[PDB]
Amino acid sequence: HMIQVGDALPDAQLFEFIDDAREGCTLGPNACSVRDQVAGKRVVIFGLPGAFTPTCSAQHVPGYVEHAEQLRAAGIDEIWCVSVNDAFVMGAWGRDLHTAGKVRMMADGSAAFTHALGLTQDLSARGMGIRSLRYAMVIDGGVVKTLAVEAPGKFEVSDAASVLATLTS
């Protein structure tokens, strides 16, 4: 059953690869709580099917890196890219796409979060197994405020431009 507007965001454990010395952090993969991490923040989360894949890498992530300044000026606190990939892979992908300080690369490699959101899809035919649908959501007070989920294979609503255009008062 799919997550909806008005719903509380389900908790799950995600991992983020940390490349630099930071406090309360170790080097490499650091576990975190989705609910703990969105408490008291306004957060855009965009999920996508996989690190290192063409549309994800060429278009979807770069649009958010390029829009980060405008999203933050408009009051977004953090921007997360969530994928069903582990943190080592998300970390390498983040270093390739120069995401540091703009988009948190959030690994859901066990698909726990994507499952709790009801947003998985079966990409076995492509050698990818179970992965996320492509989407963007805006979270405030730990509640889903907007939700844009793409039909399989499409990229019409979850890109950073559409999101910036649909932030609301």
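Residue numbers run from 1 along the displayed sequence.
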> In the PDB record, does 126-134 or 37-45 carry the higher mean Cα temperature factor?
Replying inline: 37-45
>> So, looking at the entry's B-factor column for Cα atoms, which has the higher mean, 138-146 or 52-60?
In response: 138-146
> Based on the PDB record, which member of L119, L27, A107, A112 exhibits the highest Cα temperature factor?
Replying inline: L27
>> Please say which third, lowest, middle or highest, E16 falls into when its CA temperature factor is compared across its chain.
In response: middle
> By the record's CA B-factor, is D86 among the lowest, middle or highest third of residues in the chain?
Replying inline: highest
>> Could you place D77 in the lowest, middle or highest third of its chain by Cα temperature factor, using the values in the record?
In response: middle
